[PDB]
Amino acid sequence: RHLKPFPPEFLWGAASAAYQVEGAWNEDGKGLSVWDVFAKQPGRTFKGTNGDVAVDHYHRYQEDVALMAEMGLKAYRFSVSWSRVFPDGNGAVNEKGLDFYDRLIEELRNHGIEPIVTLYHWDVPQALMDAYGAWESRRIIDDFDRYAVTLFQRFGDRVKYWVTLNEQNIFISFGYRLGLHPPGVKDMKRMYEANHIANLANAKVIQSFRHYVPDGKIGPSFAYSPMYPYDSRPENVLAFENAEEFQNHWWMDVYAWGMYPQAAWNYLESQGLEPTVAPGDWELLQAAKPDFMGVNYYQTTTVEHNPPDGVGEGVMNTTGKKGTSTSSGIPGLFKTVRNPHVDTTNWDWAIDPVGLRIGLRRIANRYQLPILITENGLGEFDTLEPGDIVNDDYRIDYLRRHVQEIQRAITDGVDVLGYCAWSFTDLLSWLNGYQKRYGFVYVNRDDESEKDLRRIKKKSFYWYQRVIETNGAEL
Amino acid sequence: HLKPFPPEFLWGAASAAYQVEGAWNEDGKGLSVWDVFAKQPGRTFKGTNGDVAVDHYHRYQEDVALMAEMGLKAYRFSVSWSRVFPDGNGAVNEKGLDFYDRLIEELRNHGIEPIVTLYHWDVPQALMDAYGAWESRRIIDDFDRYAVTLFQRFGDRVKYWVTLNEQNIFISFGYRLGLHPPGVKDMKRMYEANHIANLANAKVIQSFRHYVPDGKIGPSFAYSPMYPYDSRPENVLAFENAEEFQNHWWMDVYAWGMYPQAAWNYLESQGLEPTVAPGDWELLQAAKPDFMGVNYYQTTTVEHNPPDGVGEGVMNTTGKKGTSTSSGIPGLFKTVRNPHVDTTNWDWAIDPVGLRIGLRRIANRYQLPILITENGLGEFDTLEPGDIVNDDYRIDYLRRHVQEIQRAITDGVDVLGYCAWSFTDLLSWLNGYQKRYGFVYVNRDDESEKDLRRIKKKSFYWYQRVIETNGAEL
């Protein structure tokens with residue numbers, strides 16, 4: 001088959017998140033975020049690592065953007081730290097915080113790089129948690145809206161592409177179901193309430209965006225693991241129907257259509273878990289159509305039948321010892337199972353580039369939306385060789401196969417706006433320190449010390465530089 | 001804990017005009033394409049045809065009395081276009097309309113909801129002669145005029161209407177497989193006729209909103225939900241393609257007025273996409289139905305298919321097991337046996353859970369209520385002395401499917417009703433009479449109409465009890 005080319009303005013990108021890269025946690029008037037506080041609780045993070053310094057992008061952004069320009073990045077996706085702009089979440093604007101993002105945006109534009117501004121990456125100001133429990137209160141809808149509108153006002157003239165909530169399914173489930181992220185709660189009723197408020201906040205800011213940035217493009221970004229049935233046993237296909245709806249449509253249907261899927265709603269209602277609906281909620285959710293669906297993709301998940309007394313929470317692999325994760329599921333709906341037909345990473349994640357084509361096809365087929373791939377990458381224990389060389393052929397192999405499958409999805413007719421590799425530089429992981437690296441650019445620091453924080457281009461940096469130069473024709 | 005069937009649930013049974021009516025040349029009725037096609041030598045088993053069928057045209061009073069004894073809440077039948085417009089688009093035939101008036105009055109006098117199906121594959125032969133029937137846009141206005149005639153005469157007494165029944169069957173069997181009229185094997189022509197049928201469906205739904213503003217209408221789709229063979233990514237991708245080509249290709253047009261893009265682009269690359277005229281998309285998008293009708297018998301499992309791979313396959317036409325062969329689109333998907341379900345000697349999967357899955361998919365994708373317009377088991381029946389027909393095999397099949405409907409309702413699917421196929425035994429299109437589907441046995445065979453007497457099977461009384469208990473006793 002003749003492959004279609006990547007479109008001429010395809011946004012070849014790379015991405016980061018503020019807490020993971022910036023540092024400067026208490027500088028220039030920045031207030032505490034929930035992560036500043038949470039990561040300092042004893043035992044919460046590996047070796048006590050936290051975002052006080054991270055990789056120091058706040059001070060080193062000029063060098064980092066110069067490396068992006070050397071690579072030839074068409075776009076750089078970053079998040080804005082709400083606590084830099086409103087140290088207390090609401091109340092007074094911090095002009096020095098806005099000035100940092102202004103300087104960053106100017107540096108990008110001066111090098112011909114499109115900024116992609118992500119409004120929220122999990123770092124709500126601690127003051128809003130103290131005052132009203134952050135995402136559990138409808139007060140956050142107007143406070144988040146005021147924050148977003150402030151950014152639209154200052155940057156809408158220079159930023160065309162905006163992402164609203166990034167990986168809402170992660171920050172909500174990890175924060176309120178698994179208790180792994182702030183606020184560390186394990187209560188599914190509270191989870192679904194906070195999730196509904198987050199949905200309303202997303203819709204409110206998209207509605208505001210239409211007023212202040214009428215020529216811009218905006219959408220949420222969803223952490224999408226497409227589900228597969230284990231086989232053609234009817235009960236396994238039904239488990240897949242349940243899993244895809246409960247894990248994926250539960251979020252994307254709200255983003256695209258403003259409606260929760262009915263079978264999942266009825267299941268939650270049978271458990272007393274469905275969220276509280278206020279007058280005007282459905283109207284708001286349905287009126288806030290996004291320009292694209294953002295997709296954070298790493299792997300597919302295969303599922304099989306799970307009886308009512310079956311598997312619940314399983315064992316996550318947080319060590320990189322292959323073969324140590326176990327099945328997770330929802331009794332009566334589905335449980336995960338290892339897919340025998342794909343390889344896995346050392347963390348037991350499927351390596352499934354075809355699954356990216358499948359997920360892209362599913363979003364186009366279901367919602368007819370353009371897609372911005374906001375995150376995709378391979379994390380591994382890279383080593384620094386003498387002469388400042390990092391040979392990461394494993395990362396090149398992973399990225400190459402995923403980009404190849406994107407091209408097949410485009411050839412199939414999916415409108416893919418761009419691809420943001422995770423990540424540009426190595427960064428701080430939320431709970432696991434620094435050793436599992438994702439960057440095109442190695443950062444010389446580890447869990448024990450910041451060393452000199454020097455940036456070292458990996459082999460993959462030059463590979464992606466050539467991808468961009470050839471607009472994906474040479475992979 | 002299972003939810004009950006809703007109190008209003010339409011426990012039904014169904015038929016199709018050519019398969020039941022007979023009276024093929026009576027009261028001014030014109031020839032349909034099936035009257036002509038079935039008389040070609042060798043076309044149908046033992047030369048069986050619809051001249052008499054089971055003679056429901058003359059026996060409808062007895063048949064409705066049996067429906068009333070069963071306690072049917074609904075009876076779904078089709079109207080024969082050639083009875084109403086013998087030449088398709090000329091003068092209306094009042095005697096033809098009067099038959100359906102008498103039938104509807106009989107149903108209403110027994111408290112049975114009529115469900116009128118506009119089209120069951122029997123376009124008047126005169127329209128095939130004049131312009132090639134479904135291959136011409138001329139059929140859109142002719143079909144609309146026919147539908148509006150029925151809406152005007154019967155809309156005050158008929159709440160539930162089905163437009164095209166199993167469009168994917170009459171189009172694919174008629175224009176891809178060559179099994180049904182007009183006997184064509186040409187994918188380009190298939191997709192062109194299919195697009196015209198889509199426009200005709202949309203036009204009549206728009207007319208319905210004007211002429212029957214308080215009624216409920218929808219198309220009925222022959223739905224075989226696709227399964228991937230396993231979790232190999234290439235097999236899941238084959239499933240995405242198969243579900244889109246076989247299922248979304250029709251249901252997305254019905255629900256959203258849009259063909260799925262990947263399938264469209266593939267057909268366009270092959271020069272097979274239909275010809276689009278100005279106004280087509282607006283018409284298709286403006287015709288949202290009240291429900292999706294579902295004709296369900298089985299699921300289909302698919303796997304990857306190389307570019308050198310399977311194209312058109314052989315369908316089982318004899319009842320010898322394992323004589324159907326794989327079909328697919330090279331490079332996209334091909335069918336494969338599902339090892340986790342049984343199959344009949346005609347190679348149909350027995351998959352009641354697949355009905356729950358299909359219902360879930362329609363609710364999940366389209367948020368539409370569903371009327372199950374057809375589901376049943378065809379099997380040989382033995383008439384025992386004393387006129388006894390014990391069909392536990394048919395009861396078992398129906399019971400399992402009704403049980404899965406209840407599970408779908410419990411999951412949150414809005415199911416309006418369930419029409420078992422069929423009320424009486426009927427004539428099959430190509431295979432005669434011996435594979436029977438009825439709750440009511442009809443005494444005839446492939447050689448002789450005998451006396452056409454009606455004999456209630458064991459399943460008649462089982463379903464009577466289902467209805468009496470609103471599905472609580474299965």
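Computed over heavy atoms, backbone and side chain alike; hydrogens, waters and symmetry mates excluded. Reminder, nothing fancy here: chain letters follow the sequence lines and each chain counts from 1.
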Using a plain distance cut of 3.5 Å, could you tabulate donor-acceptor pairs between chain B and chain A?
| unit_1 | atom_1 | unit_2 | atom_2 | d |
| --- | --- | --- | --- | --- |
| B:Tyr229 | O | A:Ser232 | N | 3.4 |
| B:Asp230 | OD2 | A:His341 | NE2 | 3.4 |
| B:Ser231 | N | A:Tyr230 | O | 3.3 |
| B:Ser231 | O | A:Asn339 | ND2 | 3.0 |
| B:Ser231 | OG | A:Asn339 | OD1 | 2.8 |
| B:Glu240 | OE2 | A:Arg362 | NE | 2.7 |
| B:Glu240 | OE2 | A:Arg362 | NH2 | 2.9 |
| B:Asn241 | OD1 | A:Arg361 | NH2 | 2.7 |
| B:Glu244 | OE1 | A:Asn365 | ND2 | 2.9 |
| B:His248 | ND1 | A:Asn365 | ND2 | 3.1 |
| B:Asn338 | OD1 | A:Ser232 | OG | 2.8 |
| B:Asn338 | ND2 | A:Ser232 | O | 3.0 |
| B:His340 | ND1 | A:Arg233 | NH2 | 3.4 |
| B:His340 | NE2 | A:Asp231 | OD2 | 3.4 |
| B:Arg360 | NH1 | A:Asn242 | OD1 | 3.1 |
| B:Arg360 | NH2 | A:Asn242 | OD1 | 2.8 |
| B:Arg361 | NE | A:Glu241 | OE2 | 2.7 |
| B:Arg361 | NH2 | A:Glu241 | OE2 | 2.9 |
| B:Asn364 | O | A:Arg366 | NH2 | 2.9 |
| B:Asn364 | OD1 | A:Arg366 | NH1 | 2.8 |
| B:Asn364 | OD1 | A:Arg366 | NH2 | 3.3 |
| B:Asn364 | ND2 | A:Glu245 | OE1 | 2.8 |
| B:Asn364 | ND2 | A:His249 | ND1 | 3.0 |
| B:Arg365 | NH1 | A:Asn365 | OD1 | 2.7 |
| B:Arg365 | NH2 | A:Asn365 | O | 2.9 |
| B:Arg365 | NH2 | A:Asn365 | OD1 | 3.2 |

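From A:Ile396, atom CD1 reaches atom CG of A:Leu475 across 12.0 Å, with rounding to the nearest 0.5 Å. For the atom pair B:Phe5 CZ and B:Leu10 CG, the distance stands at 12.5 Å (nearest 0.5 Å). Summarising the geometry, atom CZ belonging to B:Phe221 is positioned 5.0 Å from atom CE belonging to B:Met251; distances are rounded to the nearest 0.5 Å. Rounding to the nearest 0.5 Å gives a distance of 4.5 Å between CG of A:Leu360 and CD1 of A:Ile371.
Using a 4.5 Å cut-off between heavy atoms, B:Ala262 contacts chain A through both its backbone and its side chain. Residue B:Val341 touches chain A through its side chain alone, counting heavy-atom pairs closer than 4.5 Å.
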*Do A:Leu285 and A:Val254 pass the side-chain contact (heavy atoms from CB on, under 4.5 Å) test, and can you show the C-alpha distance, the side-chain angles, and the key distance before you say yes or no?*
CA-CA 7 Å; A:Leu285 293 174; A:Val254 173; 4.2 Å; yes

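Partners of A:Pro7 under the side chain to side chain contact (heavy atoms under 4.5 Å, CB included) rule, at least two apart in sequence or in another chain, are A:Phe10, A:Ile410.
Residue-environment remark: CE (B:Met187) stays at or below the threshold of 12 foreign heavy atoms within 6.0 Å.
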